[PDB]
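Inside the fold
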Amino acid sequence: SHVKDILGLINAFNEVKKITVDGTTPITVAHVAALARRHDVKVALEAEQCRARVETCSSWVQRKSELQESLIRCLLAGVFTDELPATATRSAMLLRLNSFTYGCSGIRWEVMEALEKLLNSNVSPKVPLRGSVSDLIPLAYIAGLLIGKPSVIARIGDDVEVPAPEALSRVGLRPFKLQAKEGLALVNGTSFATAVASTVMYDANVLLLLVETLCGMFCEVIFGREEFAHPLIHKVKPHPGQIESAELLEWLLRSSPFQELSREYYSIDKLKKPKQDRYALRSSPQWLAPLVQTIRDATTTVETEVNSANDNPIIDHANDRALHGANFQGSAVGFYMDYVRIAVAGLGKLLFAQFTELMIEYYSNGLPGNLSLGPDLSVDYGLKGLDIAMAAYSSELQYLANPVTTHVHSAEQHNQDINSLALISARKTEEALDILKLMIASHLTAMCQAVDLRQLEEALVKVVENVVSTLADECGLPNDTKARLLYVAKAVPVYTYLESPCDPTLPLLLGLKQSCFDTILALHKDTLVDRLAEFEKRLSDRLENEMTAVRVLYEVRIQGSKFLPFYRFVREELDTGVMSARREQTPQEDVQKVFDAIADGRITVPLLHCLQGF
Amino acid sequence: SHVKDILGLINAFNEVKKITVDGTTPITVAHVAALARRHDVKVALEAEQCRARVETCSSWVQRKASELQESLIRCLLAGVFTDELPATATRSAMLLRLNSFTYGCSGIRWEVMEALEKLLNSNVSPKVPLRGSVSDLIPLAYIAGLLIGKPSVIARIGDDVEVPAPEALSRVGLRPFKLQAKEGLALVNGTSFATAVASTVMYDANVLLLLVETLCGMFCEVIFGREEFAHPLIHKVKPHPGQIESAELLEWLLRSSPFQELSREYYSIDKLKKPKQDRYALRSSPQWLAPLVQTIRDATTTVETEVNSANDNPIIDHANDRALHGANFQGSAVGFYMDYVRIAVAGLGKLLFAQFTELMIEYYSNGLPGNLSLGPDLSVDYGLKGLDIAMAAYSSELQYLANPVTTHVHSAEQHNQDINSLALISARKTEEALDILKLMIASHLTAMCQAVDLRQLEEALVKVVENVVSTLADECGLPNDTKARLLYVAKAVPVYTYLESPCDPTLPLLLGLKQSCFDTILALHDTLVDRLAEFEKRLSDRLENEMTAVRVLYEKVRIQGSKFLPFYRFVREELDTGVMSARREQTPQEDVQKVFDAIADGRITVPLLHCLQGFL
Amino acid sequence: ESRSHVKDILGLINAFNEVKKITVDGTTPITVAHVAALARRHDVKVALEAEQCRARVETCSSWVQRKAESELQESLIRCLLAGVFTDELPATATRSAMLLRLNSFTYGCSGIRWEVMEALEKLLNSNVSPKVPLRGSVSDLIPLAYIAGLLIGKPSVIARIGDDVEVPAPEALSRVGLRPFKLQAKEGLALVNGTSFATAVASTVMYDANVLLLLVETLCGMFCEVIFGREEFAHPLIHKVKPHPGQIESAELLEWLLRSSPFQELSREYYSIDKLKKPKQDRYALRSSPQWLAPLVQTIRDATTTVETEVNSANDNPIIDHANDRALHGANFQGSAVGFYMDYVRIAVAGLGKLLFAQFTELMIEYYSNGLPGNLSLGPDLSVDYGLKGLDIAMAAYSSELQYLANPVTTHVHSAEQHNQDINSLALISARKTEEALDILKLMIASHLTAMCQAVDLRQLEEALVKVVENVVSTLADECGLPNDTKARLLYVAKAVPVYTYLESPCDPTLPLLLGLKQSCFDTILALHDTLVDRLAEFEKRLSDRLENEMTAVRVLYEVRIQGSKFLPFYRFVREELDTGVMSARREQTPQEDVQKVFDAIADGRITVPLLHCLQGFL
């Protein structure tokens, strides 16, 4: 399954200490993400496997200086408005280094050692955002650093910023004097486009699994039928992503306490409730199928690019010739960044549709509008702000998923009449993921709210049942009338009348009055009316007070749910609670905490816990 | 290799007789295309294989239990004839609905499936509105409208006949069906139309892809490229499957090429004044094709999975006595991959446009004339300029089309369909995109054969100018040093830079000749001047006439050794075309039309398979 | 000065219907209504006027002829005949393109012979036009080459005479008493060097855009009437204070259309009963319509001006200044003005479609339709009447494709023609897409009007059904001998409860009618506190016998408020002229059969009759 592979990726991202750059051992998207985000991870350039092939190649080129330095000069052409982040630059530095290990570039080993040292020192040049059609200009800033160009500014850690010559001295390096072919070796790569795409693909894999898992949590809170994930439905339409996502979904909902409430809910008033769930849940495995396959396929393609000699000419020293091709063409990455962006927009649409169902009372199966706890709804608009936000997120996301590779210009004196635009495309897919992160944060926040509302719903109904039951005994109401009233206490959704339980124009008293008149006609063919009036009177004394007490006490079914790690993480570890008029905490403050957990990777802890033993 | 698979697809499309519909044997995109386009291809609904599970499921629904089904079809017959879905797509959809029923999940009667079998074989299909599906209730309601004999539904019988549905059933020996429980839903609740178009789209995408890959080699031959770009080491070290596989073909197509022999000769003369590397349209082609190849191959698998699936709801589990409520009617797998293919197709078109552009510009065509104009009178011959303009028009619309459709999902049908695939709309646009690619390939191929003729004439013309300069050097009694310089210039100068007026004192030949004469005077330092004066004098008497003669001979051969001979022989001989010039009266339209028609009806696969025979 | 864009569009519709002859003289402007008239009405003729322009044309012809002193011009035509037949540009577009090329010549800048212009005139009025390949133009060398090919009698060029006959170009010239032309100086270039085809399509695109716009604007008022909306949204002051000209003018129309509406009378009555359980404001699809329409109105009108400017221009090169003895080298062949505006209009057309989709969506959902049944089903048996659910799915399909089409074309410029045409307009491709967008918009307006006529019927049945329920309850309360205060409670419920919530089974104790009645019966018992229970039991008994059969009787009788509505023309047109009725299981016709009739009427412009009737009196 792809579920295991993404777990393998998350584990690798966490467990890795050294990234082996030897020319044999593959560098995954997890390893690139690790170097970029975790500063304790170091680069290990191994001499045993590639020092020989590299030096031979460097020797051949020399057997056949001002020229190579004036190429760098002209390619230092980007403008600072916003720039490429250090995470991206360092990833590109790693990827250019990795390209050299195959011994086709003819670069000196000494220069490769300098890259290794510069990475482990956290030194990286300030690189302008735009200029590459895919990565001559951005890679010329890495090359400019190695030759100690004063115009190129370099970072040392989070704070220090100095010119390149002084940066080289602080790490024990002297400015390089470029030999033949070396200048072209440095700038002629797909390193930047593939750097951004690597982190894009790691995040896309994590967030894909995250979205998949949260579909089960959505099922639990929306009172859905877990039937939609039955293996036979997907065996008979065997899209690999459809089967695998449903397999996870079936497993997550197998022993669900919320699904027990679901079956109980649809057993009462069966004819007046929907038989099938709406598409945002029931259609989820079919929707996820293409999205799963797109993100998995692109990972492979991105990894192939990471582990490749993307340079020109390809030096074939064993046959005394330089091979002329275009391995610097990032079309593999370019095109797959477009496909992924469309897949991400599809994940966003799934999230938007699910969130919309959750906010609307007519579709939320008992949940209050906007998930407003209230009870006073005139001063509690709940998650309406986030709902509006989700449409703003989805809308921009759909726009972003337009392709970039369809805008190829004839470039560079018409020499580059086809070019990938891979970096541009990767940046847009990165921007789309940022928006997807915003959407997952809000979704998870809302469902934790829905968990709380469902558990309180169970507690409030049981109170209404108790108060009606005891007062039926207290008022000496017959066995028939008691059964009718208890049914109404179980049937009508508490959130329809929570605002004012004893309001004569709200569903509870409405159903009660309808029952009382029905039981009068049945028992007729006078003191019953006296007993019923006393029941109504005493309900206005006890019900409101006891319903309030239970809610205030609340301010259990999740403890048996496989999504407990997510609920416990959001509520306990991030220090949040039920959203109401009484909690002095803006939705921003709540969602920001969840977003930050997703952005830094802390969300993987509850994710892995949730999926343990799958 | 994907090359093997596409050849396998082409072979199956050509040589299939019966499509086995049994619920175990897969139906490929080739089979779907074969049924749609070839009339003598029949459907084989094999009873022994799947009558059992179908009737087990059918009777299960009968145990658990008709005006309800009538109302559903009547409801969904809601399209408008503005445009219509072609019979090819409707018949493909009919086969795909039939195949879905064979899995024993739909609860439909075997009789209904038998009716679909005979309706297909009798070439009967309903008139279906183009639009209305979010993916395929409305379009599938017209197939169900036929089966129940709705008078408002019009059916086609072949190419000539269009009658109401009750009469259409009568003519093929069928009676209108009264629908049982679940049957009305079972007929309309599928991805049949979306997947039908997607199937023909995917077959075409494979054929045209291989065709574009092959013509990259032909482009190398005519543009005087370095076949080095296809060297296996360049691609093994950047091992994208599509990059390696495409390069493997191009290395093979260019091995021992007569045109590459000319290329080496061309670059050996005046090496330090010509492009050291080829431009990206050729050199970068394997890297460019890589994602496109993978996109089209992966999407072929996905569409074929949808073809061979039970896209229905509810899925009847008759063995465990329960009706499973899912959403197998959601064609998102198809919809998303149609968007991806369309982006890839746009990339294929961009490659072709870029190559075509190089070919048309003298600065980039390496000796070739602008617009590939033969002339010799260039003021009244503009060659392929018209086709050059149209190529930009094709590519422009192609790039526009490649915007995704799946990013425009609306919350639909009482917000019940809050996610829908729009697969049929997406497939339709990818279809339209492939029609444009066909237009581009047609022009591209035509421009290549034109370029073959121009290169071969270039050689014949050069051998004449050499022979004329050689003989006149003797007749004037010029020294062996002078003869060596003059024969060098005759070899070096591109013949098409002076073919308009060979003895014009301002054009490149006489310019180079007047340079050598002054170089040979200084080196040999006055009756030599009189011999050089007689050399120019006798040149303007014999040169133009002899160059004209061979051209005339040519208009009334290294492509013989070339592997692209089957293409050249197909365009020139089978399609009856010649070299484009003022003296040829056939329009660019008349020539390219013949090529396009051959691409459209599949005739082009013959020269393609001949070109690729022995490639393993 | 324009009084209102609504007056201007009505001006276009009148001009389209009334014109008999199109005057081509180089001074009198051709409008998008004229171009549409020629393309669609075969009785309309072209009149080339030899008084004003004949002199300047011949002067220009002579000057070019003098400066030259023939195969060159024929070779241009030969190489430009490079289209492929896969699909083709329809005769309407080609005939429009011929007129526009002819019109360009009248300015005396092209150097074309008057005889060629006379041939174009003759070919147009004879309904002769070449079959032109769809693609090839980056904007219109290749498509225009086929008009030029016809004039020189190229055997490969096929020509239509009317709708039936297809003959080669020499034979087509023969049948109209013309001989193939021999091209002189510049004449080859002068025929192909224009924006005629892009501007032809754009012209009938802009004419349709104007008509469909006004139609959409007007139908917003009809939507207000059926959805029970608050006309308050169109109040002048709201828009006076946010003074977008399209916003003011659309609201002005809507205020007028809703002023004395009998339907708006029902709206005020509806929101008076149970105020607290009903929305205070309408949803955006209606309330936000003038604001939404504002840029859409302005885009469509501004583009009409730009297209018309191109129509009445010398789109040719070089421009021959015979008065100052020199040829000026410019680029009037660049159709960028038409190109970019076609992109803007396509986005506006998508915007109009979104407005239609949203309004349609509210209408189909019971939670949003303010009393109307789901999918606008009549029933009463809702299990076999799914209503307009089919058209509702189609509306999502239509809108989704429409939003996709509204992506720009002008952003996809390739460096073309040996990098000489390094900026090209792509105007014809863009115009083609905007045309496709308007086709879909026609499908959307068709469904929308069909749905709203269904809604009118349902609202009028609603008023008939309720007053019967009121009558049955009122009389039984007297017969059963119930007190006046109890009678007032039960009559309130009869009026308050929406009728379509219980019409399926009126005397079902689980549906909202009996629920309210049982609620009120228990409340009255508590208020008057034994034989009262006997009288109430008799009330329930006699209601379950009498009510259902009477509700059916009035429903069958139905199978009035519109008669005072300004939308009566539309309702009568759809119902009487097109021969339709209320949609139910008792109606044999499919949704297709009904919507088709409305679509055809939109397509051939029959819809302008009820539109003009609906809007007469408006200033």
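Observations regarding the state of the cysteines
Per the counting criterion, the structure on display carries zero disulfides over all chains. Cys50(B) takes part in no disulfide bond, and the closest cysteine sulfur, belonging to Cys105(B), lies 12 Å away.

Some details on the interface of chain B and chain A
Each side of the interface is counted separately: chain B has 77 residues, and chain A has 76 residues. Note on chain B versus chain A: buried area summed over both sides is about 6800 Å², and carbon and sulfur give 60% of it. It is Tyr280(B), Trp288(B) and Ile419(B) in chain B that bury the most area against chain A; as a group they hold 11% of the surface buried on that side. Notably, a salt bridge pairs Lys237(A) with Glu306(B), separated by 2.8 Å at the nearest N-O pair. Elements supplying a minimum of two residues to the side of chain B that touches chain A: helix 11 (232-236), helix 14 (280-283), helix 15 (285-307), strand 8 (315-317), strand 9 (322-324) and helix 16 (332-360) of chain B. Sort the elements by how many residues they give to the side of chain B that touches chain A and helix 16 of chain B lands first, with 14 residues. Looking at side-chain class alone, the side of chain B that touches chain A contains 32 nonpolar, 31 polar and 14 charged residues.

Observations regarding the sheet that holds strand 5 (residues 160-163) of chain A
All names here are of chain A. As summarised here, the arrangement of the three strands in space is 3-4-5, forming an open sheet in which the pairing is antiparallel. Two strands lie at the open edges of the sheet, namely strand 3 (123-125) and strand 5, each paired on one side alone. Sheet twist, expressed as the average angle between the axes of neighbouring strands with direction ignored, equals 30 degrees. In this sheet, strand 5 lies alongside strand 4 (residues 153-156) in antiparallel orientation, the contact comprising four bridges. Looking across to strand 5, one finds that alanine 154 is bridged to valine 162.

Thoughts on the interface of chain A and chain C
Taken residue by residue, the interface counts 27 residues in chain A and 26 residues in chain C. Across the interface of chain A and chain C, roughly 2300 Å² is buried in total on both sides, 62% from carbon and sulfur atoms. Taken together, the links from chain A to chain C amount to three salt bridges. The shortest N-O distance in the salt bridge between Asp523(C) and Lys513(A) comes to 2.8 Å. For the pair chain A and chain C, the number of links is seven residue pairs in polar contact. For the side of chain A that touches chain C, the elements supplying multiple residues, two or more each, are helix 20 (507-524) and helix 21 (527-554) of chain A. Looking at the side of chain A that touches chain C, the element that brings in the most residues is helix 20 of chain A, giving nine residues. Residue composition of the side of chain A that touches chain C, grouped by class: 12 nonpolar, eight polar and seven charged.

As for helix 20 (residues 508-523) of chain B
Residues and elements named next belong to chain B. For helix 20, spanning 16 residues, the distance from its first C-alpha to its last is 23 Å, which sits close to the expected 22 Å at 1.5 Å a residue. The set of residues buried in helix 20 consists of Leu509, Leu510, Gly512, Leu513, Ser516, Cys517 and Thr520. Along the axis of helix 20, the buried residues cluster in a sector spanning 160 degrees; they form a single face. For helix 20, the exposed residues set more than 90 degrees away from the buried face come down to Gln515 and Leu522.

Notes on the domain arrangement of chain A
Residue and element names in this part refer to chain A. Under the domain assignment used here, chain A contains domain 1 (1-190), domain 2 (191-456 + 557-614) and domain 3 (457-556). Distance between the C-alpha centres of domain 2 and domain 3: 43 Å. Listed per partner, the contact involves 24 residues of domain 2 and 16 residues of domain 3. Carbon and sulfur atoms supply 54% of the area that domain 2 and domain 3 bury against each other, a total of about 1900 Å² over both sides. Linking domain 2 to domain 3 there are three salt bridges. Viewed at the interface, domain 3 and domain 2 are joined by 17 residue pairs in polar contact.

Examining the packing of helix 19 (residues 479-491) of chain A against helix 20 of chain A
All names here are of chain A. Two numbers describe how helix 19 lies on helix 20: the axes approach to 9 Å, and their chain directions differ by 160 degrees. Relative to helix 20, the element helix 19 lies roughly antiparallel. Crossing of helix 19 against helix 20: the hand is right-handed. Within the contact between the two elements, helix 19 uses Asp480, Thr481, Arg484, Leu485, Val488 and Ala489 and helix 20 uses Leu508, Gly511, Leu512, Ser515, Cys516, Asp518, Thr519, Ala522 and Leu523. A breakdown of the residues in the contact of helix 19 with helix 20 according to their chemical character gives eight nonpolar, four polar and three charged.

What counts, and at which threshold
Residues numbered from 1 in each chain as written, not as in the entry; some residues may be left out. Chains lettered and ligands numbered in written order. Part of a larger assembly, values for the part shown. Heavy atoms only, no water. Disulfide = S-S within 2.5 Å. Contact = heavy atoms within 4.5 Å. Buried area = accessible area lost by both parts, 1.4 Å probe. Salt bridge = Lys/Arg side-chain N within 4 Å of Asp/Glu carboxyl O. Helix = DSSP H or I, 4+ residues; strand = E, 2+ residues; numbered from the N terminus. Nonpolar A, V, L, I, M, F, W, Y, C, P; charged D, E, K, R; others polar. Pairing = 2+ DSSP bridges. Axes fitted to C-alpha atoms, helices over the stretch in contact; angles between N-to-C directions. Polar contact = N/O pair within 3.5 Å; in protein donor to acceptor, adjacent residues only side chain to side chain. Expected span 1.5 Å × (residues − 1). Buried < 20%, exposed > 50% of the residue type's maximum accessible area, 1.4 Å probe, protein only. Arc of directions from axis to C-beta. Domains from an automatic or database assignment. Parallel < 35°, antiparallel > 145°, perpendicular 65-115°, else oblique. Left-handed = near helix turned anticlockwise from the far one by under 90°.

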